[PDB]
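A, B, C, D and E label the chains in the order they appear, each numbered from 1.
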């Protein structure tokens, strides 16, 4: 299996977006977070973030932001891959979450979506 | 609390946009500013700016600009996080404001915008 | 003939998209994959990927991504040029494919897409 | 007042756009120009340009281009700040103009545009 | 006159787009090409290309691509400035053309496009 691709939520929509700049530790950072819904429900893990100078995978900040904003704009069904309990800044996690955004793929029906499944 | 996230206006719309180049002191800079409305109302702080080579957070000029431009285009409800009394160039503050743009988040209703609240 | 331009699918549509970050071997990478259809049909080779730090051609990651995203949005008829059996990470190829994305061109009719043909 | 912000036209529209590459003297450059209208009229100064490797302010080429292209698309009322008779290449000024683009801001009415005013 | 601005097609439409990666000599390159129509007719010169690491003007690849994609999206009347017989890769010219894209400008009517004329 593809490392860090075993945790995901399928057929969700990105219905909120946060983008901001923020100092954490000794690093000046950028971050964004997606807020998730699944139809009228709010999924268990519903806030996922990516930070430019922190994380399991620091590459792809701009591309991941553009991708998320695009799906925010369309409101289409997606699968979000993420990694839990990454962020150590307790102020950041309380306001948002500890989840790191790993990947986003598109969905054509219930439980297909592009990408690896368990 | 997340430092610099304690000051914000919720459920506003970005109804004006400025982008320009400008020399301040001896430094060549870029800046943009968002102008705010709240329905027919004008919020306490209504002009917020970001500058590429100045400010409490220099990172993220391009992403913040594209993000602001997007919300200007849709005119949707957003929350604006900002920092007061930042800019020391009195020519700039008189023309725009002393406010530095920190973050922009989306709103799902008149009771929910993404991000930390007081 | 143009090297790497001898394998392609004409008049297909991009109907799915994946973007992600991933450690492959000893490298931190970004990737995306397009999923292809031909009307209601799914061609035998239907998944094509590009990776920023791996492949026969590492250049053009951002531009190819933006290009792929535009055509996903319009859903218009395109020709996809690709190279088979490139990726050696069996975790990746099993979840996605071994195909490398080389070029995308638009189509004017059922008989004509821009670019070189066999 | 903000240096280089004393010359502008309020409530004009960008109704034409030029982007190109060009060798000027011994330098390889990019440039773009906006062409202006004011309703059904053409203002006295109606062509304003920005060049990547020349000018009073070389910074912000890509951001200014994107900014201008957006207003070209919306055709909305803007205020254009510019500096006259900057470019010295007479082939260029004859084809386009000698004006350097400094800033673009939006207008809510014929009595309000964002930015410093006289 | 502006060197390399003496050859152009006025009031054409970009009706096709090619983007790709390709090795030429010892250079890994990106290229794109626009395909041109003039209403229902196909103009004498109908394929014009720009290559990131080759040409009379290597600068402005991303910006020229963005510009071309924009006019492809709108299908609007443009003027294309180009240079003939530039590419020496005969496999490339056979697939596309020997034409280098120099500039693209907009047209407000059937007798006016922005930029210098003969």
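Rule of thumb we're sticking to: a residue touches a chain if its C-beta (ideal position, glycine included) is under 8 Å from a C-beta of that chain, and two chains touch if they have at least 3 such contacts.
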item: Steps needed, at fewest, to go from chain B to chain D via touching chains; value: 1
item: Shared interface partners, meaning chains that touch chain C and chain D; value: E
item: Rounded Å distance, chain D centre to chain E centre (Cα mean); value: 24
item: Computed distance of Cα centres, chain D from chain A, in Å; value: 39
item: Interface hub residues of chain E, defined as touching at least two other chains; value: none
item: Chain-level touch network, classified as line, ring, star, complete or other; value: ring
item: Circular arrangement of chains, read from chain B onward through chain D; value: B, D, E, C, A
item: Residue ranges of chain A in contact with chain C within the complex; value: 1-5, 57-60, 63-64, 67, 70, 81, 102-106, 108, 114-116
item: Of all residues in chain A, those that touch chain B in their complex; value: 15-23, 28-30, 33, 35, 52, 62, 65, 69, 72-73, 91-92, 94-96
